[PDB]
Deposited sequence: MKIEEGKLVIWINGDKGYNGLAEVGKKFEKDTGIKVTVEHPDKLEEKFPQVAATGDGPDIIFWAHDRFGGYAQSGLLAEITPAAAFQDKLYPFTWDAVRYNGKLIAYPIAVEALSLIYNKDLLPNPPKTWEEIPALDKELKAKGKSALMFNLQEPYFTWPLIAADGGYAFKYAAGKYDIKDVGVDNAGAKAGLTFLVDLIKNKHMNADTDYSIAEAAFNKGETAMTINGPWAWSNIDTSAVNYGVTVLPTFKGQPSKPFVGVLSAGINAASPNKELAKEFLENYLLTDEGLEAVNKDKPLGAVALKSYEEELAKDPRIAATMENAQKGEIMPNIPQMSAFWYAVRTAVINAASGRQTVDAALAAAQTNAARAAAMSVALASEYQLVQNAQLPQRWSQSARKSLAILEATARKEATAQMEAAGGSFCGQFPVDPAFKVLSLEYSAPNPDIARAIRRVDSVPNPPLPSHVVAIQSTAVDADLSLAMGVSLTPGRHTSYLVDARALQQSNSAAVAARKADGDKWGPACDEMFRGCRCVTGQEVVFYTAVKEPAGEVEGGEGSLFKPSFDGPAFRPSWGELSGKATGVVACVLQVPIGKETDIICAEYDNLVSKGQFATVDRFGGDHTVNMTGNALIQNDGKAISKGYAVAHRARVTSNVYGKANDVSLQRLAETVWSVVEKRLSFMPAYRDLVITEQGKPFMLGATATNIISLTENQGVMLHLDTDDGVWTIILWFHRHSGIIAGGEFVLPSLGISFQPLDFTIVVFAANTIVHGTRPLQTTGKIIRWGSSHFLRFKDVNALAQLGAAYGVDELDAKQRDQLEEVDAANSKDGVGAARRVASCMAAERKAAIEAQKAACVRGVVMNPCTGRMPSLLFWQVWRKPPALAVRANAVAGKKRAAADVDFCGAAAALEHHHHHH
């Protein structure tokens, strides 16, 4: 690769780091690029999981231990002589499982910040503050205001006398040993609430109130970090930054954040990143260059820290950090934070006793941390799950004979008819269908009748191979749960490495075109082979050692094709041609019913199904707002549209499942008991889209299920030019005919639809049946909080109450009522979410569903 890509947050001094990068290009001739991507917390583990991303990542050490569990970070091997150049505790912050996993850069912690004019000598102890507030109240001021809403800010006091998140021992944090409940933590929080009850502090004080008050000279003290200094620097306040007050003679223990630089485990530039960080960045001039852009605060490098500590504010930061506790670098901190946030809010407001608040927090944090471990175990079993065994040597031989017989029938039939047909559409793979004509001779669906424009059909790209052998066909059919029309289908093998490369190229082309079908996407398209009118399946083959995660410890089958040995196969795409009939009648009828009854909501794209639109404050049950209203306002049958949606989802599913037996297996694996009532019928669909003569840019979906179904049907007669569905990383494209369905892995296969031009009245209706997991999780959560069957009654009540406010007092009053409901809903969702209530099985590393399922390992030993 011979280059270095670095990700750092936008709030840091990246241009200063970019200057350090130049000086690196000088000596080694290696370019250093420094990007600052938004949502960086979540972006790195999602991209690094696939062997992609930067060489170097810059973030707080706390996240890095989770990354280390996922093997996304390289073990750094610094010499004992380099390790001396940094404070030993900062090295402790970047240790996971005996191993060093990142380079410490900067050190941050809360300090006491005080107004020098109101308070020349800040108190040494918390115990003095009540007396000090009494004095300052007489002058119309207050002693102390800081954020009471987030436990980060209140924890220093709580930790002082004892009290910790998880007990650290032998290089590990004990998940089962939470320190929320001890006498130490109890005393700390007691003192905090005593300050509130004795009117020294207000329970509603948040970050903004505290910052405003201190920066305007209204309060003598606040508690904040180095990020807050810039704002105070613009104000009239003469301020100092000092050691946090002691409690019962012990130091307040703020959490310590260590900004760190980790090396990507999938980076080919490991020894040159080691070079860059050790010799160019972790030096006085190195950190100086960064410091001059945006200040680092305290730093891990002893020599430069001695310089910075000349600023008393930096000195105070380090001192508080050393008296503090390194923030645990494990994901189970989320459990700690939610439970402690609830406890502090409750104890401060009087909703619970300090003793009651901490007792519940201890119990809940331990429970939630235990469950999250259990969920990670189960996810591994999900990723590694195998289809029910249908494959055997005798079964594949049997199936190959059947398939061979069917190929002869299909040939004889083709001979008799003068060629191949999909419905009435003449199918010739020598040609690419660039435009085509549909006729509508009756009120049924318009039918593809004639190829209009064509070019000679481009060959398959080199990484995609049509499978010739019936034995191999039967091998894959039986192992992958795919049963296409006998003698009338093609199977393909796609090289997994090249598939991922082509995905990247496709995304690049769309970006270059400016998020649109332009020249670069067109050039890719010109290389895609037409499979219009075909029934096809694409298997990807992963070589045993990536985007794909097969378990090579899984059971192996013996392939008839030796080229499959040492490889795992998964189904990435399947194109079906549904014969016009009862099922297509039912499906198209439901679309018409849902369109007529105003049940498609506009987001463009029209949508329906079991959504939960959280932007709608009053939404508390499954569906779009139109669905909620119809359940109430209907004078015939409240459930009518839900019967329609279930039949729609179930009929499409049934058609797909006849051909793809892995689909119900996927449904059963990833939909939880709590998610089932919020899926549309017995399917893996919760949302259904609808498009009218529309293209869509090439893209990967992110927050959808493992497989997505798309179908098309046509309404009037006419000619359509363009509008191909394109799978550029598979090197194929097609025109939808009478009733074409594609089932494909939408999170891992790039896809889109070219713009259309039409002649006549022809409408091509496109529709995706998919799993949008955010809706099913939130709904499963609401179901756990209120009861699945209570949601309709809540929705009816919430609609009535919002209507009343509008009818009585205006739009403003009603939207305030909706705003109230939204907060209450939020709190309920949040509480269930903390209890690990889920609608679907998800990757704890990525927060997404697995990239594929049901991998089959093939091995042919001699």
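- According to the record, the deposited residues with no C-alpha atom in the structure span 1 to 4, 550 to 558, 617 to 623, 883 to 917.
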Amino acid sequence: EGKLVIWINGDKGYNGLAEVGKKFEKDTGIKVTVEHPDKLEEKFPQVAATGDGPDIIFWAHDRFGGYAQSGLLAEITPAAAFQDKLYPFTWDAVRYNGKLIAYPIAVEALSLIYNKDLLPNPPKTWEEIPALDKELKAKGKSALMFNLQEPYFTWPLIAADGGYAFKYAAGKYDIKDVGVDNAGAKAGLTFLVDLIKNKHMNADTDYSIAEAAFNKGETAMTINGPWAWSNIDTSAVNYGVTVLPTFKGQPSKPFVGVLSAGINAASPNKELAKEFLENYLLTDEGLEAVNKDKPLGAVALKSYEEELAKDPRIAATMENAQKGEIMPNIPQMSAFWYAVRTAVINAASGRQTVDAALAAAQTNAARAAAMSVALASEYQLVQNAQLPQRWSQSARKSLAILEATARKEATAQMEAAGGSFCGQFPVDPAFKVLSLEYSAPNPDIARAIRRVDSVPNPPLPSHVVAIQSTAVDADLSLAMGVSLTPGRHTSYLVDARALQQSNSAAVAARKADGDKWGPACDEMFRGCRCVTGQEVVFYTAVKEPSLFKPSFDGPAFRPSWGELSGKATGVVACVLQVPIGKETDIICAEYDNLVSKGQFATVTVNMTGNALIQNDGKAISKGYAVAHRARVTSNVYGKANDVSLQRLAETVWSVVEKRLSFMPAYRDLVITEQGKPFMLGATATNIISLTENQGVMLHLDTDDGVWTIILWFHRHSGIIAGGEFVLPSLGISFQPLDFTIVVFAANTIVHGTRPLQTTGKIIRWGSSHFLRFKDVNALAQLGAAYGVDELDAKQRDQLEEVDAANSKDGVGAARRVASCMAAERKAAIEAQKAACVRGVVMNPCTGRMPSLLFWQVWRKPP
From here on, numbers count along this sequence of modelled residues.
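- Across the other PDB entries of this protein whose models span the neighbouring residues, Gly51 goes unmodelled in a third or more.
- Just going by the entry, 667 to 675 versus 509 to 517 on mean CA temperature factor gives the higher value to 509 to 517.
- Across the two stretches, 407 to 415 and 425 to 433, the PDB entry reports the greater mean Cα temperature factor for 407 to 415.
- Note on the listed residues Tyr438, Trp227, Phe89, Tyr786: the highest Cα temperature factor in the record is that of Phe89.
- In the PDB entry, the Cα temperature factor peaks, among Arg95, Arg451, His628, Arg715, at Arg95.
- Ranked by C-alpha B-factor against the other modelled residues of its chain, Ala498 falls in the middle third.
- In this PDB entry, the Cα temperature factor of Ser644 sits in the bottom third of its chain's modelled residues, the lowest group.
- When the modelled residues of the chain are ordered by C-alpha B-factor, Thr691 sits in the lowest third.
- Split the chain's modelled residues into thirds by C-alpha temperature factor. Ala822 is in the middle one.
- Ranked against the other modelled residues of its chain, the C-alpha B-factor of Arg529 as given in the entry falls in the lowest third.
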